[PDB]
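The data below hold one chain only, encoded as structure tokens and taken in the form deposited in one PDB entry.
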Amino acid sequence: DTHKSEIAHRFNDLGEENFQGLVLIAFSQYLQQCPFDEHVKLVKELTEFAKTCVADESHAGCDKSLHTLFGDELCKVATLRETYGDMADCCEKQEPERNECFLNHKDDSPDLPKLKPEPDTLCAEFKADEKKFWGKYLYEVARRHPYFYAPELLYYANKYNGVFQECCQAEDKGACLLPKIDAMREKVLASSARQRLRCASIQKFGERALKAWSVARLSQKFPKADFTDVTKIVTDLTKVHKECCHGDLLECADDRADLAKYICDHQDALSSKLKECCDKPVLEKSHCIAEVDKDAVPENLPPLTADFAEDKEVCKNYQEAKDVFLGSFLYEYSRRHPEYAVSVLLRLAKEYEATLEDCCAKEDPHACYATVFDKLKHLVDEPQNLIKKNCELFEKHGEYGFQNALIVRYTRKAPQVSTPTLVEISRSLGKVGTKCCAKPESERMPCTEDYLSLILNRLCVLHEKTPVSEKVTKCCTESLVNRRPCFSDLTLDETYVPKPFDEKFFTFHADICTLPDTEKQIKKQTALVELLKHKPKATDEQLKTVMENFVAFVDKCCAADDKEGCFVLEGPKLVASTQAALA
């Protein structure tokens, strides 16, 4: 009854500003092609109704579920069908089915214009109206990333306000702002991929997959906490992530604030690093908790072999509650090994399971399971080796060269994937060298497997919507935890039928000359993928010969008196020499 006024309750708990920011984010993520001006109106209508409900909770409609009021507002958008086609059909449904329907139409690759920073323009807008400026920011990010973790987005608006406040008083605005925006953009993209993975886990592997992942991660972060404190927190946190992934953004933010306050209330049982966070206002406090460094491993923890290999009762304990016993193995192993990746720790738990399945049926189980850590070694040696060979390859060739070697690998592994996605994924995979090869020894495996999971999840999300490789389907869907090693093991897809040589990718207009460097590399990388789709067994020398010819040709025509003339009239030679080189 009273708290049937969910909207008043959210408005009271979050305050007007956050309430509006979250409602704006929600409309932007479901209706990614509506203009800001439209969404601002819908936000203001809901905020007014919220204020009415707050003054009187018995006003008509104040008892509806917030997520029902929100859906209803979606359904009352006049251009809903015009713009979102089928999406309109979702309106014929009852909740929760309606929402699930809408969520199905979130577009992970909306291919919205690139937002290129005009420092003076940004600053004029920021000076004119700070609130509108931040609103437009939330809307641009949220419509491009319809799974962006909403409370963090509110945070990135707040944190970066100082940016604009400082920068926009400077005479040289561009020199001040541009580095900061690049940094902002980097934070955003990583935050987006991370949340997109959490929402994919929950949807494709279920809530329990995200819980296991979080047990391992939180046991590393707060290794002094009790198992049951970690599971309480992971459960609350996974609820918050679920609510955010399902578009329940105000309940999401409200739950996260309670979680943040719970963690600060119990900081002494969790981690001494939390002291930093616990006197901050709520968005910042939450952000700081999500980013806290791993606490030190306490002293005097028994060796893992005591409960899990040496003990005579392993089988009985396992048999009485497998899930608890294995959750507990995962907690005990994670808290002791901050230098292992979460996904490696989950692999270790899975193999430990398979071992006791095998061992607990035998005549003498103890003799078999006592040596289990020897059997697990390989799951630690394989990632370290992956890092060692790829980092050496990265440092031998640098980022661009490492990207190209990954283009060659991935195009062979999944040559049916569209060329822009293979390029996009391969360039990100190459950047995992830039982000992780130089890290401390104990951060390298966590850094590498985490970024790999984010980027492979991105390939899985794109592929799930237009499946074209059965091997990608298998590695995306068979096991979240083994995704990375499943992709790692793929070899040249032997069922693939090469395409004819696609010349357009080796033919250009004069405006290639003025492309930003990044775009120029993407041009060469596109060409490289297309070489491999045509001749997947091309040799390193043939690939090198073709690309060198390519760059030499582009240089030559960009030097010409008549650039378009040289590209058009000489262009057939590059095409011919490229084909000659692949013989």
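Counting begins at 1, following the sequence as shown. In this text, rigid core is short for the largest set of C-alphas that superpose within 1.5 Å between two forms.
Although it is not shown, the form deposited in another entry is what the next lines describe.
Rigid-core fit between the shown form and the other one: of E357, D172, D381, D279, the one residue whose Cα shifts 2 angstroms or more is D172. The Cα position of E125 differs by 2 Å or more between the shown form and the other one after fitting on the rigid core.
In the core-superposed comparison between the shown form and the other one, the C-alpha atom of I512 has shifted by at least 2 angstroms.
After superposition on the rigid core, displacement of the C-alpha of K159 between the shown form and the other one amounts to 2 Å or more. In the other entry, the Cα positions of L462 and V77 lie at least 3 Å farther from each other than in the form displayed.
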